[PDB]
Amino acid sequence: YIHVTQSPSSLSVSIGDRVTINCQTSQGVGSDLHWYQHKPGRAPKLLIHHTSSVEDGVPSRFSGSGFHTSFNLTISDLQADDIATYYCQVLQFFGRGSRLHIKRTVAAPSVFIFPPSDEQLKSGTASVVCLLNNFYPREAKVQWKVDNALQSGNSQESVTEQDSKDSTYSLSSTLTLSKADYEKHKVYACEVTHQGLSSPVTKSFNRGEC
Amino acid sequence: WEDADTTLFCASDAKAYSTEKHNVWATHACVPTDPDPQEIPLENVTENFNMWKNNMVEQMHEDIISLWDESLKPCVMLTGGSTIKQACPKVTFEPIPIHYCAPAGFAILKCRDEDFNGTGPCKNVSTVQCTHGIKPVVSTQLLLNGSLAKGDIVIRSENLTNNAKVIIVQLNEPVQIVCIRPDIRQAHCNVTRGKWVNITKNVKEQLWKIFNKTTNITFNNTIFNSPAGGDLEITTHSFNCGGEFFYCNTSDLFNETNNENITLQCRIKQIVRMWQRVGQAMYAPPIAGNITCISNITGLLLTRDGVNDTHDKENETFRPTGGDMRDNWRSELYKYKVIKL
Amino acid sequence: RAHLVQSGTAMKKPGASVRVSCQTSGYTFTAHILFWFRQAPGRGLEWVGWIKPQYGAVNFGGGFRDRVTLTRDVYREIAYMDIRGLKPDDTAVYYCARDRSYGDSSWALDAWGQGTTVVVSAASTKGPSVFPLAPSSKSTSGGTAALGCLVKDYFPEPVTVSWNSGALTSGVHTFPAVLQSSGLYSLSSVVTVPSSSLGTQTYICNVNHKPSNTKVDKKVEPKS
Ligand SMILES: *[C@@H]1O[C@H](CO)[C@@H](O)[C@H](O)[C@H]1NC(C)=O
Ligand SMILES: *[C@@H]1O[C@H](CO)[C@@H](O)[C@H](O)[C@H]1NC(C)=O
Ligand SMILES: *[C@@H]1O[C@H](CO)[C@@H](O)[C@H](O)[C@H]1NC(C)=O
Ligand SMILES: *[C@@H]1O[C@H](CO)[C@@H](O)[C@H](O)[C@H]1NC(C)=O
Ligand SMILES: *[C@@H]1O[C@H](CO)[C@@H](O)[C@H](O)[C@H]1NC(C)=O
Ligand SMILES: *[C@@H]1O[C@H](CO)[C@@H](O)[C@H](O)[C@H]1NC(C)=O
Ligand SMILES: *[C@@H]1O[C@H](CO)[C@@H](O)[C@H](O)[C@H]1NC(C)=O
Ligand SMILES: *[C@@H]1O[C@H](CO)[C@@H](O)[C@H](O)[C@H]1NC(C)=O
Ligand SMILES: *[C@@H]1O[C@H](CO)[C@@H](O)[C@H](O)[C@H]1NC(C)=O
Ligand SMILES: *[C@@H]1O[C@H](CO)[C@@H](O)[C@H](O)[C@H]1NC(C)=O
Ligand SMILES: *[C@@H]1O[C@H](CO)[C@@H](O)[C@H](O)[C@H]1NC(C)=O
Ligand SMILES: *[C@@H]1O[C@H](CO)[C@@H](O)[C@H](O)[C@H]1NC(C)=O
């Protein structure tokens, strides 16, 4: 078994920057190392085969390097098309990948909270939705509180891909509760922690009131 | 003298009066062998050979193709979208030793280093104008009528860690296999149980030694098993005998659960899947009489099973394989390489 | 030149079997090994087995040998992958890829099939329930309000969501669907609008779930 380790996992990039990601192997490999580009919704694309030999059709900006147990993929002049994930492969062992996103200035989220609708309450369950809109960086922490009681293991988060226009992210956290448990409490809060916030933002509401 | 790949020519001991097809092809394509073949040693010098990227293998490949093209003419042949109907007379087919020689201005470097795995440097290095006598036996799973290693069993693979790289095994003791056909398509081979278990014992332990020495893959016990899939040409020990194509079941040969001999149930087929090109070739029904072939099991063609992720286990499974006849040629052409003067 | 085309997505139950085809074109089919890789959600690509299409010699990764059958058709230049005894852990995207070297094994995969999504779930096809996410005053944020739609309890993927029959696109965010503990999916689609336009512009999310023939137009309004 050959372990493949890539670093960094995610990297911030700017248009026209010189990018270099690393691939590590648990044993001496030599040369038969291959690099692949993978965009969402399409098949992986071979970029480099055998350490440094560039595949036909690959732009000139790409170049591979390395030896033995350490290998590097290099992009000389990054463009908008080069935003994707990159794997390194040896025999049947693929790397977990290095993800590339555009770097921008830190922007705080606009936190909103949505109480469950009466139509959903008539069905039997309740979903409280908290929204984090247009924030950067991607890393954030959402905390659910119900009457100052910390909720864990009954919420789900879905984060959108990095936006194309302003290079921001958006996240939605949904808290799922039964109608009975929902009508037994009043204050439903949502505590957002993010780099762009000096103090955590809390958006709450009272059931039935406003 | 620098490495090069030139235009080799063939030489054989074929007879002008022989009706057999190998003798007929070699009489018009080759020359009489060297009466006194010289082999001048090169001492105090070393050089590296590569059996997996040897153009001599490719030349022998396309010569055996054109040999099979004009010798074993099928009744009906299906290649691409075309159907090729032609006469299919019953012929006598028995391979003869063939020598490959270097043209004017070239030479062949022969490595005499014992226990040579195919790649790396060679201490014993001599120059010969021709190779040795190589029988172009077209077989599957078992290499027949080949040459034996002087020392222990030798394991050859371009990359032993690659599970797609077929492993070429070369035996040190020959295992005699006696196939015969007394249903005129039902045949059977007989092989001594004592010699096969003894050779299997020495081959398993040699696979463990070479993997513990040159590979990071570690396993306690070596295990064989029948091939997991493929066409009948490779799932059975397929070969040619007396013009007929035999398909012999080797499940008893590679069964771990182990009395005299081991009987392999065979079957002669009229419709075979060709090895020289993509397509199927229908041949005539078999000839009557006792068809017998006594060959020497001198090697094995094996592939290693894909390893489990984050696992190793005390057992590693190897399975017989075949198909690419180039591996049959480089099992004998491994020591030779062409040089340019 | 070399092109690999696979079969569509597969809807299966735990314990059933699935066949994925891989049609090849534009190259000598029997001269390049065909590999089969899968990618579970959120995981890396893992090798399950290859096939040498000359005589059909195959090999598998650890575990797949017990219930995966790799075959090919030499005349039609098409490879097949059969998986029996399906588990939920086998829900992944499956790829068939071609080795770039002619008559050799370099593992460098230059030609790839488009992929085949295989989802192994005990759940059955169900249309979604579309609940509103009303703006109110907690989403106004002093100037720009935000409303949305909660597409909840549907199976399987995917769900197409638009706004105002596609006229409203600016400021729309449709999140990736999430798999609830019940086995059904649920996503949310929101849009940020000016607070002043709440009492003038009618905002309708248009949900489409082809697997259930469900088409819903939900008008979102501030709650009474
Ligand atoms: C085995 O792997 C170790 C590191 O894991 C490496 O140092 C060593 O050279 C390898 N040996 C062989 C024969 O590949
Ligand atoms: C086989 O290839 C692997 C991967 O490149 C390498 O680690 C290993 O050392 C090779 N084996 C030999 C004997 O060189
Ligand atoms: C790859 O790049 C990293 C950082 O740029 C560097 O530390 C490493 O030495 C490079 N690898 C090699 C083999 O030079
Ligand atoms: C190898 O060379 C030595 C001396 O150079 C010689 O005695 C020996 O016979 C050679 N081996 C073979 C197999 O010819
Ligand atoms: C063959 O032997 C050479 C010389 O010792 C060695 O470098 C090479 O790794 C060996 N090949 C394999 C597959 O073990
Ligand atoms: C098989 O090997 C034996 C040596 O034990 C030899 O006498 C015999 O000639 C060989 N037969 C063939 C067909 O190579
Ligand atoms: C072993 O096989 C040979 C094949 O020629 C046969 O003559 C012999 O009788 C067999 N041994 C038995 C049947 O005990
Ligand atoms: C092959 O071996 C079997 C069992 O040992 C025996 O019955 C048979 O007669 C042998 N074949 C021939 C041709 O004698
Ligand atoms: C070989 O024989 C075994 C039983 O001895 C049988 O299960 C298997 O299907 C046979 N295979 C072929 C290719 O005849
Ligand atoms: C090996 O032999 C045993 C009994 O001799 C049999 O049950 C088993 O099926 C054989 N394995 C095969 C044919 O793969
Ligand atoms: C091996 O050689 C012997 C005699 O030289 C011959 O009878 C037999 O058919 C040969 N085997 C094959 C597979 O050609
Ligand atoms: C091989 O056997 C020894 C003891 O018999 C054991 O300690 C070791 O773990 C085994 N190797 C593997 C790979 O299981």
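Residue numbers (the authors' numbering), protein chains in the order written: chain L, 1 to 91, 96 to 214; chain G, 45 to 124, 198 to 299, 325 to 355, 355A to 355E, 356 to 395, 411 to 463, 463A to 463B, 464 to 491; chain H, 1 to 52, 52A, 53 to 82, 82A to 82C, 83 to 100, 100A to 100E, 101 to 215.
Each residue gets a CB set at the ideal place from its N, CA and C atoms; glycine is no exception.
In the three-state DSSP reduction, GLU106 of chain G falls in the helix class (H, G or I). No Cβ of chain G is located within less than 7 Å of the beta carbon of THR24 of chain H. For the pair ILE270 of chain G and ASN344 of chain G, the CB atoms are nearer than the 7 Å cut-off.
Of all residues in the segment 259-283 of chain G, only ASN279, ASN280, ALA281 and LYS282 place a beta-carbon less than 8 Å from a beta-carbon of chain H.
According to the DSSP secondary-structure assignment, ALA102 of chain H is paired through a beta bridge with H:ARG94.
Looking at the DSSP output, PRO238 of chain G bridges to G:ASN92. Spatial neighbours of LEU86 of chain G in its own chain (CB-CB distance under 7 Å, excluding positions within 5 residues in sequence) are listed in chain order as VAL242, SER243 and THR244. If you check the C-beta of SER100A of chain H against ligand 5, you find no heavy atom less than 6 Å away. If the five residues before and after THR131 of chain H are omitted, its C-beta is found closer than 6 Å to the C-beta atoms of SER186, all from its own chain and listed in chain order. Around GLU76 of chain H, the same chain offers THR24 and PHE29 as residues with beta carbons nearer than 6 Å, after the five sequence neighbours per side are excluded. Contacts with chain H at 7 Å (Cβ-Cβ) do not include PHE62 of chain L. For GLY60 of chain H, the nearest beta carbon of chain G is closer than 7 Å to its own beta carbon.
Between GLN53 of chain H and chain G, the shortest Cβ-Cβ separation is below 7 Å. Shown here, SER65 of chain L sits in a strand according to DSSP, grouped into three states. Interface with chain L (7 Å Cβ-Cβ cutoff): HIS164 of chain H is included. By the criterion of a C-beta distance shorter than 8 Å, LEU45 of chain H is surrounded in its chain by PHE37, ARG38, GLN39 and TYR91, once the five residues flanking it on both sides are discounted. The segment 161-214 of chain L is shown to contain whole beta strand (DSSP E) runs of 3 or more residues at 173-182, 191-197 and 205-210, in chain order.
Relative to the Cα of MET95 of chain G, the nearest Cα in the group G:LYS490, G:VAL488 and G:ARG480 belongs to G:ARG480. Spanning the alpha carbons of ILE420 of chain G and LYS337 of chain G requires a straight line of approximately 26 Å. Under the 8 Å Cβ criterion, the segment 253-271 of chain G does not count as touching the segment 13-21 of chain L, having fewer than three qualifying pairs. Segment contact: the segment 439-459 of chain G against the segment 277-297 of chain G, three or more CB-CB distances shorter than 8 Å; contact assigned. Boundaries for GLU87 of chain G: no beta strand (DSSP E) harbours it, and the DSSP string shows neither H nor E there. For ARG429 of chain G, there is no enclosing alpha helix (DSSP H), as DSSP gives it neither H nor E. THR109 of chain L places its beta carbon 7 Å or farther from that of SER182 of chain L. Under the Cβ criterion of 7 Å, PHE122 of chain H is counted among the residues facing chain L.
The closest CA to that of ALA84 of chain L, considering only L:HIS50, L:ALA43 and L:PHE97, is found on L:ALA43.
Chain G places no beta carbon closer than 7 Å to that of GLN89 of chain L, leaving this residue out of the contacts. Any heavy atom of ligand 5 within less than 6 Å of a residue's beta carbon puts that residue on the list, which reads G:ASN234, G:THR236, G:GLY237, G:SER274, G:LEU277 and G:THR355A. When the five nearest sequence neighbours on each side are left out, the beta carbons in the same chain lying within less than 8 Å of the beta carbon of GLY200 of chain L are those of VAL110, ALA111, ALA112, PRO113, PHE139 and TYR140, in order along the chain.
Interface residue (Cβ-Cβ distance to chain L less than 7 Å): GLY44 of chain H is classified as such. Rounded to whole angstroms, the gap between the alpha carbons of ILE446 of chain G and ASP78 of chain G is 28 Å. Here the C-alpha atom of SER176 of chain L lies approximately 13 Å from the C-alpha atom of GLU143 of chain L. Annotation: the continuous beta strand (DSSP E) that includes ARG19 of chain H extends over 18-25. For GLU412 of chain G, the closest alpha carbon among the candidates G:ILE285, G:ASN332, G:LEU111 and G:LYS267 is that of G:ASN332.
Distances from the CA of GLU347 of chain G to each of G:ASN358, G:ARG335 and G:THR355B were compared; the closest alpha carbon is that of G:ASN358.
Per DSSP, the unbroken alpha helix (DSSP H) holding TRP69 of chain G starts and ends at 65-73.
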